[PDB]
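Asker: Residue numbers (the entry's author numbering), protein chains in the order written: chain E, 2371 to 2389, 2409 to 2467; chain L, 2032 to 2114, 2128 to 2273; chain D, 4379 to 4401, 4403 to 4498, 4502 to 4545, 4557 to 4595, 4603 to 4646; chain B, 1693 to 1768, 1775 to 1934.
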Ligand SMILES: Nc1ncnc2c1ncn2[C@@H]1O[C@H](COP(=O)(O)OP(=O)(O)OP(=O)(O)O)[C@@H](O)[C@H]1O
Ligand SMILES: Nc1ncnc2c1ncn2[C@@H]1O[C@H](COP(=O)(O)OP(=O)(O)O)[C@@H](O)[C@H]1O
Ligand SMILES: [Mg+2]
Ligand SMILES: [Mg+2]
């Protein structure tokens, strides 16, 4: 999960959302402020570990949860 | 049809005789001892390891192990002649068994396999490594496409080790299955392996990705028209 | 309604299935086989108890039916063994009652195994054979344990059976033994009180040991002494054999 | 140069490779008889012979020499011990040669010869263990025995492959190096059953679980008889 967090943070710091730039600078600042929560255990990993025993409708997969999270954070930067 | 064919029941092949004669033909001073230690070893691993759907320890696996053992013995002989006579044949078989069985094993079965190896071959040991150029190219590609690289005990250590095991399987094998739960790094693993092999050996890599269940079998292999052949 | 009767039998069922201890660092082959077998038995027990509790809640209580629960209830009412629980060999499709009885006996045996392991002492525990998930693995672990204990070769060990680890639940078929001497009998099956499995490096009638009456799953092979007037060809023609469960 | 039709000159090529393999096998088995008349053999001239002939030809010539020698011994236990000692010293020189470093093609030929000579050694040891006097005993008739007749007017019909009540002719198809199979007793039983079925002009249907040796034993029998074996992967 920290590997996936590192991939998301790297792809946020580089490759700006528009297909240096002000948007890239905003992405870098957002990654800098979200780094402490993603790194180590932090909020996200403990949240996942608790949410695995909560009952869901569809079977829960950590990559589905993190894909939702990453898309929502890209929307926050936008 | 049944009266037009003569049936023979093949269920139990002499694995011990097969291994002994084949190791003797490959060239091994202790061929009989190696066979008598390698066939009951596969029998032991058949039961005492955990039961999985992707596990197999049959005659195909045994023959793959023996052929790879002959190949690595020949390459070690070439290396020593570069730098013969008495050679660690038990270490050669251990290297072949590890290189062929270890990637297949679940994480809870590697200590069991190594305990069985220490039981059968006392002076066995192991030697894994010496892939520095491929490791450096893997690190370069992983840094290129926003992936994390590990040294074995770092964060990406298990993933990089599995990539190297995949490379070994591609080298000494014919067809491959990357079995794992959804989100285990299989696609990234083989993609960075293909790119790193392209960077090392210069030969361009082409990958065709086919989903066999998104199309019918007739669209996957082909059809014969019933009217005209 | 069939639901009330199903709920009554359903409440009757799990009184023979309560809990299993999961029991873990030893290189003994016997302990290794026993720990993998007890972990798979604990997983099976948890699955079965969860299924039974789910059907109890859905029938004698308030719970919406799912597709899995509908399939399970249909299989339970039909009386066929559900495929979700058949994780070991069952003789020719036994009924749910027989399967539950056999499973409860196996769980009692595993509880005894866990008690003995907690107290190694696993060398001298008298252990059955039909109640094990994989008796072939038990015999292989037997051979490995004796080979490691005496420190000679595993591939050159013969088996001598005297009526050394205690195996119970075995039953002959068509013959009986009188002081390690087989005798032809007209009885269907004669029980075996005590069997020990000694290992020696190097007219004897050799017999199969099947898993059940189906004679489809051969486990291992025993050797016995013949009576003075009987014949090994007569034994082979009559098809005398040993079963792990009868 | 005359430029016939492509199928015509391909048919000529096929017939030419068949007669070429027949002539090469004839001169090869002459060389093997010359070599194996003596007890001790020279590794240098043996290795030159290995490099001289093709892989299927050297394997089959060794088979012919062993079969003829053991049949001569059975016709007449001293000569049977002599042929066992000859097989054993051939195993010794083969083992020395494979322990020494060889080019890959020679190494493959040596591996095939070692497998075949191990099978011959085991059969001759069993034939010693049983008390066999005459050559008509079924304990010898069961084995696959090879007969070479140099007086045959046809080069393609010079070799006759025999089993227990089964006469076969070598197809003389160029097979490459292939891969010899370790002669399991199960493989010998398969050879007996399949040759009985072929003598009865039936088919052959080995069956069993996967990874047992069915397809490979069928292909090995086909390559032993020198036929072109095509494996078809059937489906619906
Ligand atoms: N070394 C790595 N470092 C960082 N992130 C990684 C690494 N390897 C994989 N990932 C991330 O893991 C995600 C999972 O995708 P991946 O292609 O690895 O899945 P998979 O194993 O092929 O799964 P599936 O069976 O669902 O196809 C990728 O999108 C990527 O972001
Ligand atoms: N007598 C033998 N000697 C050497 N190898 C053998 C022998 N019999 C089987 N094998 C090996 O065992 C494997 C079995 O595969 P195969 O026989 O093709 O599968 P199947 O017959 O079940 O379709 C093959 O790789 C083959 O090389
Ligand atoms: Mg993928
Ligand atoms: Mg096949």
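We put the beta carbon where it would ideally sit given N, CA and C, even for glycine.
Does the beta carbon of residue 1824 (chain B) fall short of 7 Å from some heavy atom of ligand 1?
Answerer: If you number the fourth chain from 1, residue 1824 (chain B) lands on position 126. Not so, every heavy atom of ligand 1 lies at least 7 Å from the Cβ.
Asker: Skipping 5 residues on each side, what residues in its chain have a beta carbon closer than 7 Å to that of residue 2061 (chain L)?
Answerer: Locating residue 2061 (chain L) in the second chain gives position 30, counting from the first residue. Closer than 7 Å at the Cβ level, and outside the excluded window around residue 2061 (chain L), lie 2133.
Asker: How would the residue list near ligand 4 read, in chain order, if you kept each one whose beta-carbon is closer than 7 Å to any heavy atom?
Answerer: My final list is B:1912 and B:1913.
Asker: Name the chain L residues whose beta carbon is nearer than 9 Å to that of residue 4412 (chain D)?
Answerer: Within the third chain, numbered from 1, the residue matching residue 4412 (chain D) stands at position 33. Near residue 4412 (chain D) (Cβ distances below 9 Å), the residues of chain L are 2078 and 2079.
Asker: For residue 4610 (chain D), list the residues DSSP reports as bridge partners.
Answerer: Taking the first residue of the third chain as 1, we reach residue 4610 (chain D) at position 210. DSSP lists D:4618 and D:4643 as partners of residue 4610 (chain D).
Asker: Using a threshold of 7 Å, is the CB atom of residue 2239 (chain L) nearer than that to any non-hydrogen atom of ligand 3?
Answerer: By 1-based counting over the second chain, the position of residue 2239 (chain L) is 195. Every heavy atom of ligand 3 is 7 Å or more from the Cβ of residue 2239 (chain L), so no.
Asker: Can you list the alpha helix (DSSP H) stretches of 4 or more residues lying completely in the segment 1791-1869 of chain B, in chain order?
Answerer: Entirely contained in the segment 1791-1869 of chain B, the alpha helix (DSSP H) runs reaching 4 residues are, in chain order, 1802-1827 and 1836-1839.
Asker: If you run the structure through DSSP and keep just helix, strand and coil, what is residue 1787 (chain B)?
Answerer: For the purposes of this step, residue 1787 (chain B) is taken as residue 89 along the fourth chain, with counting starting at 1. Helix at residue 1787 (chain B).
Asker: Between which two residues does the alpha helix (DSSP H) holding residue 2158 (chain L) run?
Answerer: Against the second chain, residue 2158 (chain L) aligns to sequence position 114. Counting along the chain, the alpha helix (DSSP H) containing residue 2158 (chain L) begins and ends at 2154-2164.
Asker: Consult DSSP for residue 4534 (chain D) and reduce its assignment to one of helix, strand or coil.
Answerer: Position 152 of the third chain, counted from the start, is the residue given in the question as residue 4534 (chain D). Coil, per DSSP.
Asker: If you check the beta carbons only, do residue 2131 (chain L) and residue 2107 (chain L) fall under 8 Å apart?
Answerer: For this step, residue 2131 (chain L) is matched to residue 87 along the second chain. For this step, residue 2107 (chain L) is matched to residue 76 along the second chain. A contact, by the Cβ cut-off of 8 Å.
Asker: Helix, strand or coil, according to DSSP, for residue 4409 (chain D) in the structure here?
Answerer: Position 30 of the third chain, counted from the start, is the residue given in the question as residue 4409 (chain D). Three-state result, residue 4409 (chain D): helix.
Asker: Among the residues of its own chain, which have a CB less than 6 Å from the CB of residue 4467 (chain D), if the five just before and after it don't count?
Answerer: Mapped onto the third chain, residue 4467 (chain D) falls at position 88. Hits under 6 Å: 4515.
Asker: Can you find a heavy atom of ligand 2 that lies under 7 Å from the Cβ of residue 2091 (chain L)?
Answerer: As a position in the second chain, residue 2091 (chain L) is number 60, starting the count at 1. Yes; taking the cut-off as 7 Å, the Cβ of residue 2091 (chain L) has a heavy atom of ligand 2 nearer than that.
Asker: Hey, is residue 2230 (chain L) close to ligand 3, as in C-beta under 7 Å from one of its heavy atoms?
Answerer: Looking up residue 2230 (chain L) in the second chain gives position 186. It does: the Cβ of residue 2230 (chain L) is within 7 Å (strictly closer) of some heavy atom of ligand 3.
Asker: Three or more beta-carbon pairs under 8 Å between the segment 2216-2230 of chain L and the segment 2409-2429 of chain E, yes or no?
Answerer: They do not touch, by the three-pair rule.
Asker: Within a Cβ cutoff of 7 Å, which residues of the same chain sit near residue 4524 (chain D), ignoring the five residues on either side of it in sequence?
Answerer: Position 142 of the third chain holds residue 4524 (chain D). Once the five neighbours on either side are set aside, the close Cβ partners of residue 4524 (chain D) are 4558 and 4590.
Asker: Is the closest heavy atom of ligand 2 to the C-beta of residue 1879 (chain B) under 7 Å?
Answerer: Walking along the fourth chain from the start, residue 1879 (chain B) turns up at place 181. Answer for residue 1879 (chain B): yes, Cβ within range of ligand 2.
Asker: Can you list, in chain order, the residues of the segment 2190-2219 of chain L whose Cβ is nearer than 8 Å to any Cβ on chain E?
Answerer: From the segment 2190-2219 of chain L, only 2190, 2191, 2192, 2199, 2200 and 2203 have a Cβ closer than 8 Å to chain E.
Asker: How would you write the range of the alpha helix (DSSP H) that residue 1920 (chain B) sits in, first residue to last?
Answerer: Indexing the fourth chain from 1 puts residue 1920 (chain B) at position 222. Here the alpha helix (DSSP H) through residue 1920 (chain B) covers 1912-1922.
Asker: Whole angstroms is fine: what's the gap from residue 2175 (chain L)'s alpha carbon to residue 2462 (chain E)'s?
Answerer: For the purposes of this step, residue 2175 (chain L) is identified with residue 131 of the second chain, where counting begins at 1. For the purposes of this step, residue 2462 (chain E) is identified with residue 73 of the first chain, where counting begins at 1. Spanning the two alpha carbons is a distance of roughly 39 Å.
Asker: Is there at least one non-hydrogen atom of ligand 6 closer than 7 Å to the beta-carbon of residue 2203 (chain L)?
Answerer: Ligand 6 is not among the ligands present in this structure, which contains only ligand 1, ligand 2, ligand 3 and ligand 4.
Asker: Would you mind reading off the limits of the beta strand (DSSP E) that contains residue 4568 (chain D)?
Answerer: Translated into positions along the third chain, residue 4568 (chain D) becomes position 175. Where residue 4568 (chain D) is concerned, the enclosing beta strand (DSSP E) stretches over 4568-4570.
Asker: Using CA atoms only, rank isn't needed, just tell me which of L:2256, L:2236, L:2171 and L:2141 is closest to residue 2203 (chain L).
Answerer: Looking up residue 2203 (chain L) in the second chain gives position 159. Per the Cα distances, L:2236.
Asker: Check whether the Cβ atoms of residue 2144 (chain L) and residue 2082 (chain L) sit closer than 8 Å, and answer yes or no.
Answerer: For the purposes of this step, residue 2144 (chain L) is taken as the residue at position 100 of the second chain. For the purposes of this step, residue 2082 (chain L) is taken as the residue at position 51 of the second chain. Not a contact, by the Cβ cut-off of 8 Å.
Asker: Who are the near neighbours of residue 2199 (chain L) in its chain, counting only those whose CB is closer than 8 Å to its CB and skipping five residues on each side?
Answerer: Here residue 2199 (chain L) refers to the residue found at position 155 when the second chain is read from its first residue. Counting only Cβ-Cβ distances below 8 Å, and skipping sequence neighbours, we find 2192.
Asker: For residue 1919 (chain B), tell me which candidate among B:1822, B:1890 and B:1709 has the shortest Cα-Cα distance.
Answerer: Here residue 1919 (chain B) refers to the residue found at position 221 when the fourth chain is read from its first residue. Of B:1822, B:1890 and B:1709, the residue nearest in Cα terms is B:1890.
Asker: What did DSSP end up calling residue 1899 (chain B) once you bin it into helix, strand or coil?
Answerer: One-based indexing of the fourth chain puts residue 1899 (chain B) at position 201. In the structure shown, residue 1899 (chain B) sits in coil (DSSP, three-state: anything other than H, G, I, E or B).
Asker: Determine whether the Cβ of residue 4518 (chain D) lies closer than 8 Å to any Cβ atom of chain L.
Answerer: Taking the third chain and counting its residues from 1, the one referred to as residue 4518 (chain D) is at position 136. It does; some Cβ of chain L falls within 8 Å.
Asker: Residue 2135 (chain L) to residue 2141 (chain L), Cα distance in whole Å?
Answerer: Here residue 2135 (chain L) refers to the residue found at position 91 when the second chain is read from its first residue. Here residue 2141 (chain L) refers to the residue found at position 97 when the second chain is read from its first residue. Spanning the two alpha carbons is a distance of roughly 10 Å.
Asker: Which residue spans inside the segment 2057-2109 of chain L form an unbroken alpha helix (DSSP H) run of at least 4?
Answerer: Listed in chain order, they are 2062-2079.
Asker: Do residue 1848 (chain B) and residue 1718 (chain B) have their C-beta atoms within less than 8 Å of each other?
Answerer: The residue labelled residue 1848 (chain B) in the question sits at position 150 within the fourth chain. The residue labelled residue 1718 (chain B) in the question sits at position 26 within the fourth chain. Yes, these two residues count as a Cβ contact at 8 Å.
Asker: For a test of your reading of the model: does the CB of residue 2044 (chain L) fall under 7 Å from any non-hydrogen atom of ligand 2? Yes or no.
Answerer: The sequence position of residue 2044 (chain L) within the second chain is 13, counting from 1. Within the cutoff, so yes.
Asker: Anything in chain L within Cβ reach of residue 2450 (chain E), meaning under 8 Å, just list it in chain order.
Answerer: Sequence index remark: in the first chain, residue 2450 (chain E) carries index 61 (1-based). What residue 2450 (chain E) touches in chain L: 2226 and 2227.
Asker: Would you check if the distance between the CB atom of residue 4519 (chain D) and the CB atom of residue 2245 (chain L) is smaller than 8 Å?
Answerer: Within the third chain, numbered from 1, the residue matching residue 4519 (chain D) stands at position 137. Within the second chain, numbered from 1, the residue matching residue 2245 (chain L) stands at position 201. Not a contact, by the Cβ cut-off of 8 Å.
Asker: Taking Cβ positions, are residue 1791 (chain B) and residue 1733 (chain B) nearer each other than 8 Å?
Answerer: The sequence position of residue 1791 (chain B) within the fourth chain is 93, counting from 1. The sequence position of residue 1733 (chain B) within the fourth chain is 41, counting from 1. Yes, they are a contact pair.
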